[PDB]
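Read through the structure below, which is laid out as structure tokens, and then see the notes.
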Amino acid sequence: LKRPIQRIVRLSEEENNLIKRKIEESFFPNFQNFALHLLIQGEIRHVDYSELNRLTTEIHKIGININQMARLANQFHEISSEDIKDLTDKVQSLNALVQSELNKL
Amino acid sequence: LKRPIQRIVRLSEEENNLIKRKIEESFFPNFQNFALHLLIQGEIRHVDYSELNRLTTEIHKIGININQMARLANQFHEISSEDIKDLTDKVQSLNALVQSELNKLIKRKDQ
């Protein structure tokens, strides 16, 4: 025999009905030929979001500044109106760093 | 019995050896889980959202710190109640951007 190896795929009733539609929408007449082609041609794709790593790292160091401001405000229980608008500026600068490093992509 | 239907695929030894190498290259343990996904979806895509969640988690942390600050600032009459508002708006205006603009990225990656 040309193909003596037999592999089984087990299916639910709905999964089987999906398979039937895919066969009909395919170029192939029957399951054997549909499945053979797709198992051989289907290529696994790996996808990650490492292109954001540069942006994540620049946000992070803004983070550590805002973080130490917060630790200090909490240990001295004081905050000034100058600290508030200074925060606001750091916030609108994060808004800039985000649109910028994301258009770059 | 969750899966009471079986379909059979016949292979040559060389086609079967090719499929084994593919199953090893995927995140699926065995032929069942590999075929089921590939025959119904038509592709296998392993997506790692790790770096994207590291981004949104950092933005979340900054938001916590800012809220701690704004809240405290309510204890001081010299700090305008409507200048704390102007800091809290710009944090939600940044969350908005981060979320939408990152969905535009997840679409340009699911293609």
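Protein chains get the first letters and strands the later ones, always in sequence-line order, with residue 1 at the start of each.
Contact of the B:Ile19 side chain with the B:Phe34 side chain is registered, since non-hydrogen atoms from C-beta on lie closer than 4.5 Å. No side-chain heavy atom of B:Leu102 sits less than 4.5 Å from a side-chain heavy atom of A:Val98. When side chains are defined from C-beta on, A:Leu11 does not count as touching A:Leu18, because their heavy atoms never get closer than 4.5 Å. With a 4.5 Å cut-off on side-chain heavy atoms, B:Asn74 and B:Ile79 do not count as touching. When side chains are defined from C-beta on, B:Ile62 does not count as touching B:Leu94, because their heavy atoms never get closer than 4.5 Å. A heavy-atom distance below 4.5 Å is not found between the side chains of A:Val9 and B:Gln6. A:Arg45 has its side chain out of reach of B:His46: every pair of non-hydrogen atoms, C-beta onward, lies at least 4.5 Å apart.
Using a cutoff of 4.0 Å between basic side-chain nitrogens and carboxylate oxygens, B:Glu15 and A:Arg3 are scored as salt-bridged. Taking the charged nitrogens against the carboxylate oxygens, B:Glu25 and B:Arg21 have no contact shorter than 4.0 Å, which rules out a salt bridge.
For B:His37, the NE2 atom is densely surrounded, since the number of other residues' heavy atoms within 6.0 Å is greater than 12. Within a 6.0 Å sphere centred on CD of A:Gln99, heavy atoms belonging to other residues, nucleotides or ligands number more than 12.
Using a 3.5 Å distance cut-off with no hydrogens or angles, the side chains of B:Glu51 and A:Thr56 do pair a donor with an acceptor.
Rounded to the nearest 0.5 Å, atoms CZ (B:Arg10) and CG (A:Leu1) are 7.5 Å apart. The CG atom of B:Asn65 sits 5.0 Å away from the CG atom of A:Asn67 when rounded to the nearest 0.5 Å. Note that CD of B:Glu78 and CD1 of A:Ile84 are 11.0 Å apart. Values are rounded to the nearest 0.5 Å. Note that NE2 of A:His77 and CG of A:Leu72 are 14.5 Å apart. Values are rounded to the nearest 0.5 Å.
Applying the salt bridge (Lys or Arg N to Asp or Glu O under 4.0 Å) test to every pair with at least one member in residues 80-91 of chain A, sequence neighbours left out, gives these pairs: A:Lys85-B:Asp83.
Applying the ring-ring contact (aromatic ring centres under 6.0 Å, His included) test to A:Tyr49 and every residue at least two apart in sequence or in another chain returns B:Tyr49.
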